[PDB]
Each structure stands twice: as C-alpha cells, then as structure tokens.
Amino acid sequence: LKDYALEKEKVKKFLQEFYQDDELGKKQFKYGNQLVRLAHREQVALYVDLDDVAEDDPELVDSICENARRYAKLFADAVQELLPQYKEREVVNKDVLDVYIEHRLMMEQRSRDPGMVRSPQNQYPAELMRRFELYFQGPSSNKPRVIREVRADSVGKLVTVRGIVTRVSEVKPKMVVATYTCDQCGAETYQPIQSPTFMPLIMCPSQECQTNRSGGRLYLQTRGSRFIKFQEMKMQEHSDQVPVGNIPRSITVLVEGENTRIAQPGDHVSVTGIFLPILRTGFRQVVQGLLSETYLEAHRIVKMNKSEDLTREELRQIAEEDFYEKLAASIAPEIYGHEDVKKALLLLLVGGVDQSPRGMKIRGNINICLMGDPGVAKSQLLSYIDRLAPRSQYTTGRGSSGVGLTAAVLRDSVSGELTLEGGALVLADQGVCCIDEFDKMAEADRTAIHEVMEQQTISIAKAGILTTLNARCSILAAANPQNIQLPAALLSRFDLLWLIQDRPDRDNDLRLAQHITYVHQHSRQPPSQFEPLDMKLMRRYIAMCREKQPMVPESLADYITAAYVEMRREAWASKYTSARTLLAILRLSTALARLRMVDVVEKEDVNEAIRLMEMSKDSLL
Amino acid sequence: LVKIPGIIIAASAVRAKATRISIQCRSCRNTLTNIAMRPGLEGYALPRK
Amino acid sequence: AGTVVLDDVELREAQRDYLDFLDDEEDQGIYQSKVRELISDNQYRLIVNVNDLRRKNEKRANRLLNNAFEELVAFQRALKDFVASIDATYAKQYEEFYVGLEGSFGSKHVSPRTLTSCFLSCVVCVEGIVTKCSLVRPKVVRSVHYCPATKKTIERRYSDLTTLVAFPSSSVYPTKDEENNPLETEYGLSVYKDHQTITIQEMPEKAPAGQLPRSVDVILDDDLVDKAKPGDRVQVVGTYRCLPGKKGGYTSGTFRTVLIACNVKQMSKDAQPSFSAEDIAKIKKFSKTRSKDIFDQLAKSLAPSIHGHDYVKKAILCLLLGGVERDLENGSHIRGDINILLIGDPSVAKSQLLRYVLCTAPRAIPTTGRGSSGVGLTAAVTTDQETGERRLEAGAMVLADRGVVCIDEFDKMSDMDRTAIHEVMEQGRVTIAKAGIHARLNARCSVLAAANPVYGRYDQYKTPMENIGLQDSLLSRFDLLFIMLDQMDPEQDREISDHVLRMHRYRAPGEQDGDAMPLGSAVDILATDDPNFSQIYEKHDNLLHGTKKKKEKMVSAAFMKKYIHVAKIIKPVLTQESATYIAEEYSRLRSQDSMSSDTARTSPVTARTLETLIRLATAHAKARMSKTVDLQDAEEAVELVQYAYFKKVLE
DNA sequence: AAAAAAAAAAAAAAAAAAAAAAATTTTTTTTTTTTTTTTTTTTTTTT
Ligand SMILES: Nc1ncnc2c1ncn2[C@@H]1O[C@H](COP(=O)(O)OP(=O)(O)O)[C@@H](O)[C@H]1O
Ligand SMILES: Nc1ncnc2c1ncn2[C@@H]1O[C@H](COP(=O)(O)OP(=O)(O)O)[C@@H](O)[C@H]1O
Ligand SMILES: [Mg+2]
Ligand SMILES: [Mg+2]
Ligand SMILES: [Zn+2]
Ligand SMILES: [Zn+2]
C-alpha cells in the first residue's frame, strides 16, 4: 500500500518543479505555465505526460499505470490545491458556472467562522468547483494493446488502443453533480453522480431544516448543477490485428469534457484511457456474481495514420516547378505507367475552389471514372487513394449498398432515441469516395451517386427516414467496359472518364514485367531519379494546397472560351462535350493553380487541364 | 386415468425438474434435506420458519 | 469465524492420489513435462488426459467423472501444490490453478440433445456449434476499497457461487464504512475475472432430420472466455449443473441447467500439427535428398484415387502451398493465393478433386453454386435485436480466411455472387458496411472452383470463350483455368477403367473382413470418440492394392500434410535470374505471335498473369524448400501457365 | 442458674416491572420469449 498524502506531495513537486526547453529551446515550466493559465481560466484540459513524469519518477508512472483512476484524482486534487497560489489576477467571469462558483466561495467565506469544524458532508464537493479537468498521455514505453486483448486482467489500468471509429453519439449534457434547492431553509444540496443512474433526493438535509424539523422538500434543478460534455463512441479493431477468421472487435469509449468532438465515425484513432467497469444491476442475472460492463474512459484521443490533425526543405520543394510531377509520380509509385491517370488522381485529391455566385453552388469537387480492361490496377489505384486521402471511403460492388452508402436510422442507448447514422457517402462527406464496380453497382445506389455528384446531397423520402443529407465528396469510380460499354449516363456526369486499354506490346510489357518483378523482389518500386514522397508528406502538401483558393483572372476568359468552342467544334465534327466539360476545364485549371500554390490560375494550368482532358477523351478511341 | 388418441404438434426441450429439493437456513446454515416434490406441474411453498 | 474442516478423509485421499498422478516423474514424466511447459508458457490451466488418469487410477477417474466439483477442487489443490513445489514464486503469483479434462469419455461424451438431467454434477464432453456468444464481462472476485475519512484500506472477497447456494451477505458491495464514511474503490488494486456465456447447439448434420435443434448454455471464465465465436464446431468439456434461482418463497421446481466449461477445443484439423524430432528429421531428409523432383512426386501423390490430370494436380499443389503476400511499406498489398477454376466435360472427377482439397487442406469451406447466396457467401450485417446495434456475421470466404473455398457449380452460381466475390478473389478481403457499422473483413482464401461448360458438355469445335460463359473480368482473376476434357481415347479409357476398378476393389486391411458395411446409425458416433477433435508416422505409403508396383513410392497422407504445413511457412525470395526469365516469358506470352494458329486463349493475359507466374514459381520454391525462387521454379511456372492458358480448337 | 419473654435469623411465598419470546404469505411487477405485421429490399420472370 501507499500513502496518498505522500503521493499528492510527489505530484505537487513534479507539477511545480518540472521544466522543459520546449519553447524555442528556452527553459520553461511546462506545467507551471499551464497551471497559471487554468487558474486564470484560460485553459480547461491539463494533459499530464507520463513520459515527462517518468523522466524523474518512474515508480510514480508505474503506480499511475496500475491504478490510474486513483492517481487521476490525486493529480486533479493537487492541481486544485495549487491553483490559488498560481492565480495572478481576477478572472472575468466568462461563464455562468464561474458566476456560481464565485458566489459559492464568497458566501462560504462570509459564513466561514474559520476556527469552527464543519461536518464532512457540510461542504462543497470537489467536482462542483473545478472548471478544469486532468487527463493523461500514456507513456511511450507502453506498447498499445489490442481491443480484443484488453480484458478483465487490465481493469483500472491505463492502456492505449488504436482502431477505426464506427459509431459516435452526439455531445449531450451528462450530470456530474446534481444541485437541489430547498423550499424551507434556503440552502443547497449536492449529489455527486457516479452511477449511470441516480434517484433524485426528496428531503433537504441542511442544518436549518434539520433543526426546524420541517418538511424540507428540495427541488432538483439544472441551473446550479454541474454538467460535462459527454459522448459515447464505438471503436473497432484494425483489419491487420484481427485474428485469422474472426471479425473485428468493438470497444465502448466514454468521452468527457474537452476530449469531445475530436473523433468522428470513420476516423483512425488512438485512444488512451482507463479500462473501467460499469455495474450491471437491474437485469435478472442468470449467473450469480457482480457482473459489470467494460469501457475505456477517454483521456487522450489522437487521430492517426490517415487523418492526423513548415521547413525550409519543404518550402524549397514547393518552390520547385516540377513539384506537380513529383507528387504525381509519388501517387502509387509501385504502379508502372499511367502517368496522366495519376496526375488526374492528384488533381482529384486537391480539388477546385467552391463557388457561390448569387444563390447557387458550383462545387469544386473533381469526379473521375476509371474504365478499363481487367488487371490495369484500377482497384489498386482506388485503394491507394483511399489510404492516402484524409476522409476516404472505399466501397466495393454491393457489400456496402443501400444504407451502406446512404444514412439509416438506429435506436440509441444513451437516449434510446432514433439517431440518423451516415453511410459511406456521409462518412466521406468532405473527402473521397472510391466506388469500385460502379457499373455493376445497384440501380438505387447508382442513382444516389448521380444525385451526390449533381448536388452533393442525398435526399431520402422512405418510411423511417425523411431527410436531406450532405455528402460533399469527390467520386472516384472504377468501372469496366461506346467501345463495348460506355454509357452516356457516365459521360454526362463524370468530369474525367478515363479508358485504360492494355494492348499487348513487347517493349512496354517487358518494362512492366521488370517493374513488377523488382517490386516482388524488394517490396518496393524500382529506384528512380526522384524518391517518392511519404504519405504523410503527400497529405501535408495536398492539405496546404487545399487552402490556397486561386481565382480566375478575366484575362483568361477569352482563352478558355476559345478552347471550349474549339472542343465543341471537334466533338460536333467527330463521331460528347457540354457546359459540364467547360466546368471540368475550369475546376481542373483551378486545381492545377492550387497545386502550384498561386492565387491566380495561368495559361500553363489551363493547357495542362486541356491536355489531361484530351488524353481522357482520346483514350476512348 | 384416461386414455386419449392424438397427433403431437410440439415437443419442448427436455428441461430439469426437481423430485427432491434441499434447503438451507441463511443464518444458522442448517439443512432440510430431501423434501419431496409433488409430481407433475405442481409447485411448492418454502417454509417460513 | 466459522466451521473449518480438520480431517476430511475423502479430500485428503483425493489430494494424495492427484499429487501422485501429477508426480509422473517415474511414469516418463508426461504430466511433469506438461506442468513445466505451462509454467514456462505462463499458463494456469492444466489439461489432463482422462484416459491417462483412468490408466493410473481408475478409481480416481470414476470419482472425478461422477463427482465433478469436489474432485476438480481436490485436483486443483494438488496442481497448485505441485506448481509450488516445482516453482514457488509462480504458484504465489497465480491464486488458483484450474484443471480441464480431455480424452475418451465412455458415456459422458454426449451432445446437447442426449445431455439429460442424468449428467448433473458430472463431467460431460459436449460437441456442437456455437449459436451465439456474449460480451466478455469482468466479475469482481476481490474488491479493494479506500476510506478517505480514515485512510483505511479494506479488501472484500467474493466466492464463485455460480452453482451454489448464495445469500445476500456474500454479494453485497461495500459502499460505506462502519461509521458511514463513503468509500472509494481501487479498480487497479481490485481483482476481476473475465466471464462469458455461449450457446452450443447440436450440429445440424448430426441432429435428427426434420426436428428442431437442442441447445445448451455454457459458462466460460478466465482463460477460456474467447475460445470460440458463433459458428464454431466446438467440443466443450465441463461440469453440468443446475443454476440457482432467485430467493423466492414459492418454487415451481424448475431448474435451469448450464455447463461450466473446464476446457474448450476447436476442430483439430486446423490445430497446430505436432512435429516431433523424428518427424522434423524425416522432413529434412526428404527435402534434402529429393529436391529436383520433389514437386512432381508430391503432385502425383496428391490424389491417388483420381487418375491422370497431372497438370491440374500440380496446379492444386501450387494452390495448397500458396505464394507469399507482398506487404509494401506504403500499405499496398499483393495476394499470394492462387485461384484455380476447373471446367470441362461431366464425369472428369473435378468435384472429386474439390472434395479431396476439402478433406485435406486446413480451413477448407465447401460451397455450391446456389448453396450460398451473397450475404451467406461473403460477410453479412445484421442487428442484435436486443441492443439495437449492428453486428457482423462471417461468410464462407471469411471463415475460409487463410484457407480454401471449394466452390462447385460455379457456372450455376448467380452472376451477383461472382461479382461480390470478385474482391475476395484478388484483394482477399470483404468490404461491407451499413449505416451503423463498416468493416473490411480479411478473407485471404484461395478459390478452387468447378463448373460445367455451356451446353453441358464441352464443344471441341467452338472457341473456349464461347464454351465458357464467364466474361473476361471474372476469368482474369482466376490464376489458372483448366479445361478437363473427357477424351474418348481407347487407351486412356483403359487406364481410367483399370484405376477405377482397382480403387473399387480395394478393402481396408484388418477393419474390413470382406463383407462388412461400415455405416453406423447415430449412436456409435457418440459411443466412440469423435474423430474430429481427437489428439508414429511414416513417409512413403507401403505397397498395396492402390497401385501394382514400380520404382516410385507414394507419399503418405499424414507425411504430405506435415510437409505441406512446414513448406507453406517458407517465404522463398525471388532471384534476379528467375525475375528476368519470368519477365521475358511474360512479354512473349502476352505477344500473341508466340502461340501457334488454330489456338484460342482460355483466359486473357494480364499483369495478373505475370503475378500468377510469380506465385507459381514461389510455390514451386516452397515445395522444394528452396527459400529462393530458382530457374527450375520459373520454368515450372511458365510451363503450367502456358499449358493452362491455351487450348487447340479442333476442326 | 433456669425459665419466660423479646428480638433476630433463616427461610419460604407472592407481586410488579422490565426484558424476552413467538407468530408472520400474498400480491404485483416485469422480463423474456414468442408471434405478428409493415415496409424495404432483393430475386425471379417476362417482354
Ligand atoms: N500498371 C500496373 N502496374 C503494376 N501492377 C499492376 C498494374 N496493373 C495491374 N497490376 C497488378 O495486377 C493485379 C490486378 O490489378 P487490379 O487492381 O485488380 O486491376 P483492376 O482494377 O482492373 O481489377 C494487382 O495485383 C496489381 O498489382
Ligand atoms: N480420371 C478419373 N479417374 C477416376 N475416376 C474418375 C475420373 N474421372 C471421373 N471419375 C469418376 O466420376 C465420378 C463422378 O465425377 P465428378 O467428381 O462428379 O465429376 P463432375 O463434377 O465433372 O461430375 C467419381 O466417382 C470419379 O471416381
Ligand atoms: Mg477492379
Ligand atoms: Mg460436379
Ligand atoms: Zn432545507
Ligand atoms: Zn436457522
């Protein structure tokens, strides 16, 4: 056993006398400055890094990792005790709960009588007067665990897991301390809520009412109470860590306070928290014993590995004029050839600028459909784009169909209500939806995709659901074969319809075979003049481009009009082109300008857009 | 004792029913072993002393 | 305090006998070695063979079988004492060492139907299929509380009164001190035990036809909770007992029964094979002495009962050995699984080859064209109906992950199902999703399909494209496509008939006396041990009626299984010479001018053709135990693909 | 020094207060299981 007063002193010592050179090499009191901030009420969440703690006290780290809840409370109490001596001015009462705390403290001081001893229950609860919250950051030496392996043997421990977020409730107020006011005396009563349910009190235990022996019925109310942002999410194992034949395992994660609104369904996250049980009374327990649920209380949520939330080297790399080609060649380096296809995919990943001229939106998303023979790496390209893009949903033929693409309605648990859960399109709302086997996809699904392309929304008027969803995603379809199957339905919608025909050819086939065989030899593409960018770098560059909206100067108006009219004449003479093609020109040029990271598009961007468009068009022939 | 012809349309699973039960006192932990149970769909009231 | 036994003669005798049995040092230390192995592996559950227990002391075996709880407690005490004697620190680390049972249960081996109330408080080994499972919940076995007001630290213990009389006193969780001081539980210090409840249903192929199935509820605890998932053909050895009802006042005399599992086992076919020193030495000897023709020997010894089809047999061996997956740093994946499609004339033993693969290859799932329809074939998304949450059900492909799916009547299979499995055939994964859930299940299975050509029988005078109604998109992902023709050559008919008649005239030595009918009727199966979860091996099959004679032996089935299992783990690396040879051969193959006239391609040539070339070379390397893909391996791969991809159009 | 009267001692019976002892199943709820139904969706057939 351990003396928790000594432990509190240890954590106080650490929190006060820990320093680091984080701030531009200058030595800083990492936690002292944060304590000052949240004593001024400028910060709410205090993330104690257990690596920092272990830097000088490994045993404290082990004790925390073994009984995290106890030491979580110890750290919170130490912070609360230290705040007054770190406060350096009066807070501006930014919150009504701050007003309540001010009034409570002032009245306690007014009726202090310092020498008198008040009963243990005649005092404000700790949680009622915190206005802050202390979380951990798991020590790096703790290997992340598998949701399947997180079992009863590690209840109350601090563990970190990684997985895909499947279901996430909304943020709703969870009572933490229920405040009641009496109708006789005029005191207050505080019930700290710990169980999932509580029975509201009826009789006021205040001293005045106890002396009067009066009724003292008290009224529960939300004004003086203490709520906390609450959320409940389902976190799913990663495909690579599931056993041979099993299905991925889920875990329930309860998120509170400032950890809320971090993760959203579809995100790849790492969550560090304490594995805690919930008592399971109420049911007709078949087997005797105190059985309980299990959940992870979220202390640190970190989006990772697909949607993580500069340097002179990268600035120079951007300044390079061949940065466009560098990124293109970096898109799926293993895939040999398909240079223009990969450039189009990069333009897809970047996207054009959204327009809102006088009450109608011309979305900047780029829609690409890869028609091709078997074995031309369309599936590989779509899978790579899924792994690369931040919000990417890769939907095959019919496994994710109907409500697998559109939202449905499911009963809730926190509220028992009917909540609207998004499908693949909504999960990729503002990213990339890689549709595979688009030709073989169902008719209702195809119509939904057409509607999302034309409007970025999904209207539903079925029985249990009646809503107008929002899915501002870019469609990357991969169909197979007017050649032999070239629907005008696809032509009229897809901004870039690419045909990938692989005619046999000794030289090209031999080069591709050498590429493939080296790939199988060394688990990597053959070395080239330019090393391909790592996915993190590609995502960073693309994201920086995304917020670089370039405009179209009026000088290029006549050039664009001439190119469009020339293409119209060529199409009319030959054996499809329209305003959709013109808008494809505009948004491809805008995306090229954005890639170059300028504010104004140029004739070079327009020419490249036209070149890619003509390559796609003559791929048909 | 009656004799009846018919055709069976259902047959529940073979559950377990008690012919003889034993009971124990929570306080003194003394037993009342081998209490006969009436055969058939007939229940049994526990003693209250 | 309370009553404490001093001289329990039966308990003392049971402990003495169990410790004597577990000593085993003079009895070739079988259980001594098992205890040492579990100590090293950091396990606290000893699995004991009831047959060995009965051989040592039939009295103890009968007492244990007929009195489960008492004898199991005595056995666990003896095991804990033995573990302390061998190593005290480990014994102190683990509070209770459990004992599960295994072996041949004469009468106790039953099914959920035959499991009647006559087996209460006995050890029963019940077979079945897990119809459902429950979430693994922790039950507190020792709670720790801290009182801030007094700084005291108390610890309450709860006993395992699952099938014992339980009172409110034992199951009250302290929430105040004797002076009404609120407590706070130390979750980290507290001790919890994982607990799960599953349902075992009688196997449909074993249940009486036309009747509803019989189920049983099973309780799993620490170290057995996640030993099974829905759809698992499991053998649960446990203690059958009546679950206490809630404190009443009036009782109907009805008692829910349950099986407290003491051991859970899956189908032993998928279990890790036992490789003894002599077995591994024999494998080494085989691989080293014979490497040049080892692949051919294995291919010809694969299915003795099916004559001919040498190339198809070699392709099936390559499929069994598999390739090697490529896990690129950037996440791109390349499957190492060979897909084979046998199409051709009726009565060419294609279904027999598929059945042989089903019987031999581990994790082999049978399937029929219309037997599985979409959601049944791939994974499916349903709802719990009690929680309102989505749930995933594994399909045939998912269950066959890291295995084989043997599909028959592939042509009869609806186009929708083939389109659905397209992804599995190449990416080896199932991508399903509904509104409340989305997953990407792993289905890394090789597809071995059989089909009948359009018009029922193959048309020698029509193109293979027209004979096979499968379009190029589906044909390409099939690594090999073999057309098995029922040629009417008199000599081939002679050979086939001779082989068939010899196989028919064979009788098993010893078991068959010349007139026996081996079929049993629904009783002997339970009477004798199941040959599906059961526990010296030669190398070359002794000469028998299967073949007449020659200077070439046939590989034993068990030896071949062990050799294939060992060789599948090998990941031979592609050499530069083989890489160049394969690249040039792929270029030539894709260039149509290489192949002669009057020759039509069975399936189109593609990057996937190159990939299957590489995979076949890798499989040949695995067969050779080479660890490097060599020129001979590349030659065999190119030979096989060249034979498979072209068929001469007769006229 | 002995007898007669007085008083005390021992012993037994009765009463009052206070602590102890004895007696004490029915009624309602509600959870689970089973079945029913409405709509969506998927498959099959026909032109
Ligand atoms: N251009 C290419 N470069 C490298 N590999 C390729 C190429 N085309 C096809 N492949 C390989 O062939 C296999 C089939 O490709 P896939 O993505 O299924 O094509 P499709 O999209 O036409 O089905 C994959 O394993 C892939 O690695
Ligand atoms: N080459 C062969 N050698 C031995 N038996 C054969 C051969 N070809 C066909 N048969 C016999 O034909 C029977 C049925 O063949 P089957 O597996 O149904 O083929 P299919 O699936 O084409 O009908 C089997 O019992 C098998 O013994
Ligand atoms: Mg594809
Ligand atoms: Mg057949
Ligand atoms: Zn009051
Ligand atoms: Zn009693």
Side-chain angles (χ1 to χ4, degrees), chain A residues 197 280-288 291 395-411 416 418 420-421 423-424 437 440-449 458-467, chain B residues 9-13 15 23 25-28 35 42-49, chain C residues 131-132 134 197 199 201 212-217 243 245-252 254-258 368-388 390 393 395 412-421 432-436:
Chain A
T197 57
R280 194 197 175 85
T281 186
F283 305 162
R284 296 174 177 176
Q285 321 306 347
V286 174
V287 177
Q288 296 299 340
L291 220 63
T395 85
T396 329
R398 289 168 181 271
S400 43
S401 50
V403 297
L405 297 170
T406 309
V409 170
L410 284 80
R411 188 189 181 281
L418 282 307
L420 189 63
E421 301 292 321
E437 313 291 17
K440 293 194 173 302
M441 179 159 66
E443 180 63 6
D445 301 359
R446 211 190 330 283
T447 293
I449 294 289
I458 295 170
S459 297
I460 315 165
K462 301 193 189 307
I465 181 175
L466 169 58
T467 58
Chain B
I9 58 181
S12 292
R15 297 183 177 181
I23 59 180
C25 181
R26 60 202 294 183
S27 72
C28 77
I35 296 169
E42 178 171 358
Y44 172 85
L46 281 282
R48 289 166 61 75
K49 244 65 154 187
Chain C
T131 44
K132 58 176 181 174
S134 70
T197 73
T199 305
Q201 183 196 291
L212 302 176
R214 294 292 172 82
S215 315
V216 65
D217 298 2
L243 287 172
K246 291 271 169 54
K247 176 54 164 59
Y250 191 106
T251 185
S252 302
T254 307
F255 287 138
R256 290 164 287 282
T257 64
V258 74
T368 293
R370 208 71 55 81
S372 52
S373 176
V375 288
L377 192 54
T378 67
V381 193
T382 47
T383 304
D384 285 313
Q385 261 181 8
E386 59 191 23
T387 71
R390 307 288 196 183
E393 298 177 0
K412 287 297 104 193
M413 181 183 299
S414 66
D415 192 3
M416 204 72 65
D417 303 331
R418 299 174 302 193
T419 289
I421 65 184
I432 79 193
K434 296 291 136 186

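In what follows, every chain begins at residue 1, and chains take the letters A, B, ... in the order their sequences are listed. Hydrogens, waters and symmetry mates are skipped; everything else that's a heavy atom, side chains included, is used.
No stacking contact links strand neighbours D:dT24 and D:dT25 by the limits of base ring centres under 5.5 angstrom apart and planes under 30 degrees.
Looking at B:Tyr44 and B:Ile35, their side chains come closer than 4.5 Å, going by heavy atoms from C-beta outward.
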Item to check | Protein-to-nucleotide contact annotation, 5' to 3' order, nucleotides 26-47 of chain D [B base; S sugar-phosphate only; - none; under 4.0 Å, heavy atom] | outcome: ----BB-------SSS------
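Between the side chains of C:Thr382 and C:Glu393, at least one donor N or O lies within less than 3.5 Å of an accepting N or O.
Contact annotation: B:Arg48 reaches the phosphate of D:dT25 (side-chain N/O to OP1 or OP2, under 4.0 Å).
Separation of atoms CG (A:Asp445) and NZ (A:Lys440) is listed at 14.5 Å; rounding is to 0.5 Å. The CG atom of C:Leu243 lies 8.0 Å from the CG atom of C:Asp217; values are rounded to the nearest 0.5 Å.
Counting heavy atoms of neighbouring residues, nucleotides and ligands inside a 6.0 Å radius, atom CG of B:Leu46 exceeds 12 of them.
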